[PDB]
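First structure 1, then structure 2: two forms of the same chain, each alone, as structure tokens.
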Structure 1
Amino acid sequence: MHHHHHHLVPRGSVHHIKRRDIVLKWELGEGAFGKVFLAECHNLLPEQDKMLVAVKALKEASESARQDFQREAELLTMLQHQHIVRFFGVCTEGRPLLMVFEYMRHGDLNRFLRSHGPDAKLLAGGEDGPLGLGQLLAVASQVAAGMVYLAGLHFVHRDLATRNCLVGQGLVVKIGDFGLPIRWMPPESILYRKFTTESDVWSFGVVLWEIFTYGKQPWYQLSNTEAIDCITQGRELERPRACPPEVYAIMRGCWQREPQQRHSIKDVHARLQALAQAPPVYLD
């Protein structure tokens, strides 16, 4: 499993939550493996007597999982930043074993982008304004910030996509993981299964494309095989209509064929916070 996070050592202890303090309300979507519930958490934070959390319940017993659960929990207690989905602690009192996370009310970034995009009405007869340049750049900057954090910990995500980012209380974007993302992968990751900080910056560039297409499928016009072919052949995703050349220049910097030629996430977030600060002059 996380043999790729073996080098990481958490200094702090895992917080244990009592069963009683967790009051499950109803499921958050269609959780795979676990299923995720929205729950009321008692005595977790002093300021908020009964706060809202996302609770992931583990499916299987056996030291195989019980051991994995403990390592996943330990690593998560270590990952604490404004742009990383917060982990609160675990519950071991009886079965199933629970993992408690911060509630992100607007769900994943992909649906969010789709629902705040030009094709929104086409994606909903369902319920029934497109996110502006600054709004898109804020999202883009928030994600890069999470990636600058993880690179600081020598942590490789391996699955950075808008589907794995979450939106919360007032357009706050945080990187998480819902658990082969070939379309977001660089050629060294496809062919040689080599995942580094450089592999993650490429995926960030794909995330940037996803943001500026309002959740469109990377290589949508291609099958999985067709996509692998174009990635290894050196083909780059076309600059979205919504994307200014200034933002496209960053994606291209992430997609540099040679990993050691790819633009650092520090430089990427820096450039993104600067454009996010003053949106560039762009007209379609």
Structure 2
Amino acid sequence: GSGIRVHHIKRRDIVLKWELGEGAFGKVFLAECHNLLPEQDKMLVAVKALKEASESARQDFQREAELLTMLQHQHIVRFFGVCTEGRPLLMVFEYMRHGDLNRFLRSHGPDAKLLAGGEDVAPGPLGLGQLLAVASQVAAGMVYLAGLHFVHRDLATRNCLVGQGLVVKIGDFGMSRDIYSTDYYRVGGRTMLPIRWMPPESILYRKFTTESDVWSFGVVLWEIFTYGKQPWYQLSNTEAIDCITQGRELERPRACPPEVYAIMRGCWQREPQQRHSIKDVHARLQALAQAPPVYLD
């Protein structure tokens, strides 16, 4: 009985257009939703399918739907509601035209193998003030979630989305999409963690706290200032564990001013208690975004 009213959607108002992608045993479609909300009579959305419909996965779904319904913020991808009328079970979010932040970073790389346009952003390397803008918006999401003592255990550019005008929001939480993803380390069976993003207290004592998140967010900045590079890409899953645990730190990115590296280094304090409040990290990134310091070669 007692719970959050989750907006349910008729299958007739949902027209699947094509696969955007496929992960977490749940394909993601572009689709058109008719009369979802009165402002637009027909409107574009992303939709998460479910590959399995077992009663211990329909439970996963109701929790996710409930939790998603409450977690409403500027920098968290709008959730419109679900659809259980037919089968496969559907979840419906706003469409983010630039897809996941990690791809988007790699495609505004210098290393980028081809040029990617769009009407709302220059091709080629992004303005430091934009890089910071991105960071700033992820930090605004993280702050909200810390607000509700929510802990995202997989903070990474891969789990963020980029929309019209370079709006950046948090887009995924649980149920890791790519099962053959190289960022995740297989520890049991059906148990994989994004080691490279994880702080020592998490690899060692398997403890995850808003501080663990802050740590993880420092790596997100690193990813953001490397146009989506995999942290410790030269190393192996065990080598990275060694590095993190020994206390080795990620090098400064070439593109990365020392004022930001500084922020990163305060996210990576070995003492969880000695890591900067996310709120303070957000503040400084917002400030820096407002007046981007100059920095060459």
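By rigid core we mean the largest C-alpha set that fits within 1.5 Å across both forms. Every residue number counts along structure 1's sequence, beginning with 1.
Participant: For the set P244, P259, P218, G31, which residue undergoes a C-alpha shift of 2 Å or more between the two structures, given alignment on the rigid core?
Facilitator: So the residue whose C-alpha moves 2 Å or more is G31.
Participant: With a threshold of 2 Å on the C-alpha, tell me if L171 counts as moved between the two structures once the core is superposed.
Facilitator: After core superposition, the C-alpha of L171 moves less than 2 Å between the two structures.
Participant: Does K194 show a Cα shift reaching 2 Å between the two structures after rigid-core superposition?
Facilitator: False for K194: its C-alpha shift is below 2 Å.
Participant: Core superposed, what is the CA shift for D68 between the two structures, in angstrom?
Facilitator: C-alpha displacement of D68 between the two structures: 1.8 Å.
Participant: If the core is used for the superposition, what shift in Å does the C-alpha of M104 show between the two structures?
Facilitator: Comparing the two forms, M104 shifts 0.6 Å at C-alpha.
Participant: Once the core is aligned, what is the C-alpha displacement of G94 between the two structures? Give it in Å to one decimal.
Facilitator: Spelling it out: core superposed, C-alpha of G94 shifted, distance 2.1 Å.
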